[PDB]
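Here's the structure, in structure tokens; my notes come after.
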Protein chains: 4
Amino acid sequence: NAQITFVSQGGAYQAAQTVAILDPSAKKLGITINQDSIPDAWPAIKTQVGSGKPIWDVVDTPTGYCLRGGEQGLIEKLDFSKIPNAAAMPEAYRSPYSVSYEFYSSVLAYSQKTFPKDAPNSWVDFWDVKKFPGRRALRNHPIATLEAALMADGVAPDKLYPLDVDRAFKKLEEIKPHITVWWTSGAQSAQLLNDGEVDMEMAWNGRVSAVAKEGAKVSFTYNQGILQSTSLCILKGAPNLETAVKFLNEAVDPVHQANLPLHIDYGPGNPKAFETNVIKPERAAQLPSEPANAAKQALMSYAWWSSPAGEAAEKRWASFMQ
Amino acid sequence: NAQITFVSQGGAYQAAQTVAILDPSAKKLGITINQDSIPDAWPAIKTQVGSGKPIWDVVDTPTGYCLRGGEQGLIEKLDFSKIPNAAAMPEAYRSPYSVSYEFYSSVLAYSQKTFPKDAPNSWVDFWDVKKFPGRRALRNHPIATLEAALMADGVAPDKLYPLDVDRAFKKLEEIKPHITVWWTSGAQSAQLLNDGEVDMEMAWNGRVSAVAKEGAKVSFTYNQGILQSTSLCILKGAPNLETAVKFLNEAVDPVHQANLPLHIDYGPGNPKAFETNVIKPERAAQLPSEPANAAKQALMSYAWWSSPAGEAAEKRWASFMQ
Amino acid sequence: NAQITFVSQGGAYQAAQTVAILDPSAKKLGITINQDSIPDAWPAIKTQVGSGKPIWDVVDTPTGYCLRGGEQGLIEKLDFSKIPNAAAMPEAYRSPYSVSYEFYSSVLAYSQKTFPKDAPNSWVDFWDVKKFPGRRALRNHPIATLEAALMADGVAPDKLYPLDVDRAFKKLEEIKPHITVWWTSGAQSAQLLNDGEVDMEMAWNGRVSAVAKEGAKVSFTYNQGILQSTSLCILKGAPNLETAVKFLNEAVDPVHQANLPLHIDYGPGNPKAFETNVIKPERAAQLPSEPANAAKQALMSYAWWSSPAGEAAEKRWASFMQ
Amino acid sequence: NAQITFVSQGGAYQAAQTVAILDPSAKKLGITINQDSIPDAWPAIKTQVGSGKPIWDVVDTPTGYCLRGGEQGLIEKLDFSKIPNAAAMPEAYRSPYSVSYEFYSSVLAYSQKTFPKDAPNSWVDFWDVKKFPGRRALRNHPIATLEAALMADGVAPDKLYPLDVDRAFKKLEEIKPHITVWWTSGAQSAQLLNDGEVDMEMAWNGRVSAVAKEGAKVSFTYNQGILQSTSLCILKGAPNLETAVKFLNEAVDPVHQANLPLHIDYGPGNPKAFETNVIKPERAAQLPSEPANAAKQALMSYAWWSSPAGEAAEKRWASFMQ
């Protein structure tokens, strides 16, 4: 009869979670997991927790929000001695407030019709409209976008942080007159590649993979990709705290975690998933957080984005868009 | 292996569809159903279909949109000779472009803590601030909201259309100083009830149901509720038209339809679902479209809302809210 | 050696507090009271409390903020059995989070040079530029301003709430072309009366009293004044909670409280102050919260201003100012 | 009974002035000193004096403003034959329009938790992110900030003026990606140190002192601090000119001046205060303007900052921050 409410970003992503993680976890614990979905949980987290009576227990959200939340007292400090699967993960994969749930990438996607050979392969390529002609799109948001701009200006993937925001914006202003559209949704970013409105764009790898698999002649590279993650955390005042903690342990179980990539092109939060032999070699080669793919990417710094510099960067975005 | 992309509104609702309709249909047809989610599909549908190469095949959307969509050539005129389960539904449950999928209600919800006995039971009660004191919320949108205002003014549920828009707005302007919050999302509306910020509000019955299951001392009545529906349609140019047509038939199969209420508090688009003996009597009595429940409610006129009068009413809403 | 940090709005007000309340309290408890000042404490309260380590213990702020703070979990719930002076105040003068500290009024001030006889005496007078010619100023803020606009439109002082905000703004738009300036600071509002730039304005009674006493031929009426208050509260995570609680008890001691009006034209938060015979009859006649003065005024509803309707009213202000 | 209105910056600082200077001066002169507070007096001074009827008499303000004010005819040219305590101060401590009131510093403050030993001890250290890792803040303002940047670049404290503005900005642009927060108020700067959001920052020494007294494990050094002052001046047209002139004389009486450091960590405007034996040796050694402490610091040039070059430097700051 025990119960929690679990919230993620919906779509193929949440359906994939349901098959690999939510349903096997509910069945194993003997609980009911009520689901919700929201594109961006942060403002609702603040309102819910502030009231003292949030309707949500467990939130799957980009890791920076968990950190910001913990730092502002909105998120439960986790007692890891009650979450052995997470405690057995390496320290880099968790915070005092959260545990890595899955890895995704913002990548340079492109048209194989425009580029059957010699595709753009880095942000320096993306910025060079002369050497690589074609319509382009970036996300209407500074996250990952600033990192790409800095890499286009020659910064090494492992020397980005703390971001030189002034420098990133100058670089973005430079490319602006060559950006056909600044997308606001994943589906939009997929449609832009599918109908050939752009020849290249930054996109989430899951969106690119899905449209490719549907038949679109598009692809992407992990080279200079921006490697990101969502994490699970528990809201302060969660009405089902004790049950939520038990669920957290199952949600990062290696075998459950290993099953996620069987249903969607995202890597397991828990790297022990690769030890289960659930993920076949071919499949593993496609995932954002497979060692060789991860080594090609900039690892997003959630310390930087959760800090005041991240907030300030976001405030400058609105100003930038004109 | 044939496939389609199916789009709905995510959350508990899309999870419930997956268990009852999507997975069994996919298994039965031997296909893959890729899912996506979006709050409002209309704008993307225009863009996708106008490109001639949409990424979505089948959309689940409030029935009114299907009507406007079909007229404007954004969705397929269906051939019901190929969709026998739909063809056998009464004509009132379908259009030339769509089929009723699911029924939900906008209802008067209220705190049982505040109203242990003698709860408000109609929009007349909701407008009666001296008899029923307390904090109140309405949705920041004209749909259902205008009908409630007319019923508040004594119009009978079965005599609403065509709506006397002037009269609705007049009643609305009268309650306005007494509205605590004009909510904008389902989740917000549930949180408002859960944390006691409002003692009564219009809300979707599914949201109220879910909060009450979590343990909140709240309830609602179907009396003077506004009975609404979503329908399934196929994008014009859908890349998997044939498979999509076959899925629709499975989507409104009476047994699949009957399983939906087992997982969420919405009524089946196909009334034949009540004859399957799948739903328990006690559970049936809780559904928006159960006959006894439907009889207390206003049946939304999608013909009126999709007409020029409906458009003009939406355009006024902006002026009203500010 | 015990210590607290106490924060108020500075100026003559804080100097007056220091003589009547802070210094006698520090001396009686044997503690050190470190002082700070801020025009509007709310944003800093959120940042400080959110960090878990606020530098402030006790905040004197308009009562609505204490309520909003308590409702959002930023402010300590007071254990009144440890604050006998406050527990002995009537329930209407405290909340679960705060205790009334002092009363002030927004009043209709005017020039005795322009109006040596038949001065404007209500908001209806203020809005009638024909019957009462002269330059006018209001505050650049909706607080008290909306209440006055509604009273000018004929609403009774005791029938304002919940505010009909639409109606208040229409009324404010009507007077707008006749407002010479919308003041942003108390000192500015005093200077406007002193140099005759306006003949009448809404102003805080303390500002008007001070400039009058300095020699300016100005006065004001309490008729249709807006009666307001600040309250003391303790921030969650206060580094000196226990000492802060002890201080709270002394800060609303009747005799200390009775001394405040000897140094500034504001009424005691604790009405028992009038029982001490510290405040002379003549002096008492000048105070915002003396029974006869209070009876002439609209009593500001902090329930209304601390609620979402208050926030929405504030958001409309920015839009209004053009 | 004669009176004046005295204006300063409120907070602990104005409270400390009241005990040490205002109350004793009022008692000695047999007058009433009405107080006001404002963060920045300049704009109001222009308005008040331009009306010919200011409400303020005596203003306490950063010395640079006095110079510009006097030149533009906003404040009285003082007659020092009537202010003997001022006349006997060295000429460097006064202008024709003002007298040094109090000395404060902008200092390198830092966490002792983060730096138990080997704390940063100069702006060179502050700029040295590899040797001294940690979060950092600077004030969002060019004053003191530019000097720190020049010292960071190796300029000696006594060789700063006229400032090489280009070089300052170049150094500033270099540290910029490493600045966590650009603070805007003293209180914010104290909170940042107190809650560990920064491990080092420029801050006013009074703010750091106060936070350290509260128990925070923080400190600062006078090394390469920027030594600054406020002065007293009288508004042109002051309604109580004669009384104001008499107050100034009492305000810089050596004994009154010597009492100020007993209540706050600022140095006396009148150096003769050190000869009164009022201040304890250990306490003197903590003051910004103690000789040994002054010798480690840059003495702000109010002549430079008030010049056209200074104005031009302020105008560039806006361009730099965005």
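All heavy atoms count here, side chains included; hydrogens, waters and symmetry mates do not. Chain naming here is simple, since letters A, B, ... match the order of the sequence lines and numbering starts at 1 in each.
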Exercise for the section: Just jot down the side-chain contact (heavy atoms from CB on, under 4.5 Å) partners of A:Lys28, sequence neighbours excluded, or say none. Expected result: A:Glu250
Problem - Side chain proximity check, A:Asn34 to A:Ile4, heavy atoms < 4.5 angstrom - result: no
Practice task
Please indicate whether A:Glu314 has more than 12 foreign heavy atoms, meaning atoms of other residues, nucleotides or ligands, lying under 6.0 Å from its CD.
Solution key: yes
Handout entry: side chain to side chain donor-acceptor pair (under 3.5 Å) contacts touching residues 298-310 of chain A (sequence neighbours left out)
Key = A:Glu147-A:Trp305
Handout entry: By side chain to side chain donor-acceptor pair (under 3.5 Å) - contacts of A:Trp56 (at least two apart)
Key = A:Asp36
Practice task
Go through the steps to decide whether A:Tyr110 and A:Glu201 satisfy the test side chain to side chain donor-acceptor pair (under 3.5 Å), and finish with yes or no.
Solution key: CA-CA 6 Å; A:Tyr110 60 86; A:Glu201 68 176 358; over 6 Å; no
Handout entry: Residues which pass side chain to side chain donor-acceptor pair (under 3.5 Å) with A:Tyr266, listed by chain and number, not counting sequence neighbours
Key = none
Handout entry: Donor-acceptor side-chain pairing of A:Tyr101 and A:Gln257 below 3.5 angstrom
Key = no
Practice task
Starting at CG of A:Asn270, measure out to CG of A:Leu260 and round the result to the nearest 0.5 Å.
Solution key: 12.0 Å
Practice task
Flag the pair A:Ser289 / A:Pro271 as yes when at least one side-chain heavy-atom distance between them is below 4.5 Å, and no otherwise.
Solution key: no
Practice task
Show your working on side-chain contact (heavy atoms from CB on, under 4.5 Å) between A:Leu160 and A:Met151 and close with a plain yes or no.
Solution key: CA-CA 8 Å; A:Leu160 284 164; A:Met151 288 188 274; 4.1 Å; yes
Completion exercise
Sorted by chain and residue number, the salt bridge (charged side-chain N to carboxylate O under 4.0 Å, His left out) partners of B:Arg283 (sequence neighbours excluded) come out as none
Exercise for the section: Spell out, as yes or no, whether a donor-acceptor pair under 3.5 Å connects the side chain of B:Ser209 to the backbone of B:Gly206. Expected result: no
Practice task
Would you kindly say whether A:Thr32 and A:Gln3 are connected by a side-chain donor-acceptor distance under 3.5 Å?
Solution key: no
Practice task
Output yes when a side-chain donor or acceptor of A:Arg94 lies under 3.5 Å from a complementary backbone atom of A:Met89, and no otherwise.
Solution key: yes
Exercise for the section: Spell out, as yes or no, whether a donor-acceptor pair under 3.5 Å connects the side chain of B:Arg207 to the backbone of B:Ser189. Expected result: no
Exercise for the section: Only counting residues at least two apart or in another chain, list the ones meeting side chain to side chain donor-acceptor pair (under 3.5 Å) with B:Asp60. Expected result: B:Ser8, B:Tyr13, B:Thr230
Handout entry: Test item: A:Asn293 and A:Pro288 side chains (from C-beta on) under 4.5 Å apart, heavy atoms
Key = no
Problem - Donor-acceptor pair between A:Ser37 and A:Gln9 side chains, under 3.5 angstrom - result: no
Handout entry: A:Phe80: partners by ring pair (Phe, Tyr, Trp, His ring centres under 6.0 Å), with sequence neighbours left out
Key = none
Completion exercise
Residues at least two apart in sequence or cross-chain that pass side-chain contact (heavy atoms from CB on, under 4.5 Å) with B:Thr18, listed by chain then number, are B:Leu22, B:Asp23, B:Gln35
Practice task
Would you check if A:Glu214 and B:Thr5 make a side-chain contact, meaning some heavy-atom pair closer than 4.5 Å?
Solution key: yes
Problem - Check: A:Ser105 main-chain N/O paired with A:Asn205 side-chain donor or acceptor under 3.5 Å - result: yes
Handout entry: Within 6.0 Å of CG in A:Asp158, more than 12 heavy atoms from elsewhere
Key = yes
Handout entry: Contacts of type side chain to side chain donor-acceptor pair (under 3.5 Å), residue A:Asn1, not counting sequence neighbours
Key = none
Problem - Criterion side chain to side chain contact (heavy atoms under 4.5 Å, CB included) against B:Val7, the qualifying member of B:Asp57, B:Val58, B:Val59, B:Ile55 - result: B:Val59
Handout entry: Under the side-chain contact (heavy atoms from CB on, under 4.5 Å) test, residues paired with B:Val255 that sit two or more places apart
Key = B:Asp253, B:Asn259, B:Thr276
Exercise for the section: State, yes or no, whether a side-chain contact exists between A:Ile226 and A:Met202 at a heavy-atom distance under 4.5 Å. Expected result: yes
Handout entry: Reported NE2-to-CD1 distance for the pair B:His256 and B:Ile21, which is rounded to 0.5 angstrom
Key = 8.5 Å
Handout entry: Residue pair A:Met200 / A:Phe126, side-chain heavy-atom distance below 4.5 Å
Key = yes
Problem - Between A:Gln228 and A:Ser106: side-chain donor-acceptor atoms closer than 3.5 Å - result: yes
Exercise for the section: Mark yes or no for whether A:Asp195, through its side chain, and B:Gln48, through its backbone, hold a donor-acceptor pair below 3.5 Å. Expected result: no
Problem - By ring pair (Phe, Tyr, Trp, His ring centres under 6.0 Å) - contacts of A:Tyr222 (at least two apart) - result: A:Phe220
Problem - Side chains of A:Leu74 and A:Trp42 in contact at under 4.5 Å (non-hydrogen atoms) - result: yes
Problem - Pairing residues for A:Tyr97 by the side-chain contact (heavy atoms from CB on, under 4.5 Å) criterion, not counting sequence neighbours - result: A:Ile75, A:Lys77, A:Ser95
Fill in the blank from the handout: So CG of A:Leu78 and SG of A:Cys233: to nearest 0.5 Å the spacing works out to 8.0 Å
Handout entry: B:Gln191 side chain to A:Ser51 side chain, donor-acceptor N/O pair below 3.5 angstrom
Key = yes
Completion exercise
Rounded to the nearest 0.5 angstrom, the CD-OG distance for A:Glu102 and A:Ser100 is 9.5 Å
